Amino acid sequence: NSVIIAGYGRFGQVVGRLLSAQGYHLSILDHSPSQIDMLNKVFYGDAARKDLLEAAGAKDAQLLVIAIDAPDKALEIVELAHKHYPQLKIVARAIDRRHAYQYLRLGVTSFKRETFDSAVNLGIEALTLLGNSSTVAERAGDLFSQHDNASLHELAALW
């Protein structure tokens, strides 16, 4: 089936790869030409242009991934998606806590802060390196995550 990846930097390529593994066709949008694979559909331009999303089959796609590094444009897309393609589901890259609150305020709950999960994991590797069993090191990580994300939403919930 059909997925639109807006932004194809370090973030969007990982997601792109992950999903093609299960055999989802992709339509990629990115600033600036590189070189590119057949076997996908690629348009160069501002992802926050409606004409361009429509060309990536935004009309009939199932999911839109927002994987660009510019946080204002990212929100600008979320709105166009709502305004014009309400049948489109949206996952989104959030830069930091503040950006994540803004997604929440527009009712986007499926996002991920870009450096958070790697930082948590670096800190799990840290804890093991100080001689904590991987089970306790990883349990520490989970409880830390769960709460941080929980409490991030809780406060968002009181707009």
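Start at 1 with the first residue shown and count on from there.
Pick one of none, 1 to 3, 4 to 9 or 10 or more for the number of deposited-sequence residues not modelled between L39 and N40.
Count of unmodelled residues in between: 4 to 9.
Look over 29-37 and 107-115 in the entry and identify the one with the greater average Cα temperature factor.
The recorded data point to 29-37.
Can you tell me whether 55-63 has a higher mean C-alpha B factor than 119-127 in this record, or the other way round?
Result: 55-63.
Report the third (lowest, middle or highest) to which the CA temperature factor of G16 belongs, ranking only the modelled residues of the same chain.
Tercile = lowest for this residue's CA B-factor.
Lowest, middle or highest third of the chain for the C-alpha temperature factor of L88?
For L88, whose C-alpha B-factor we compare with every modelled residue in the chain, the answer is the highest third.
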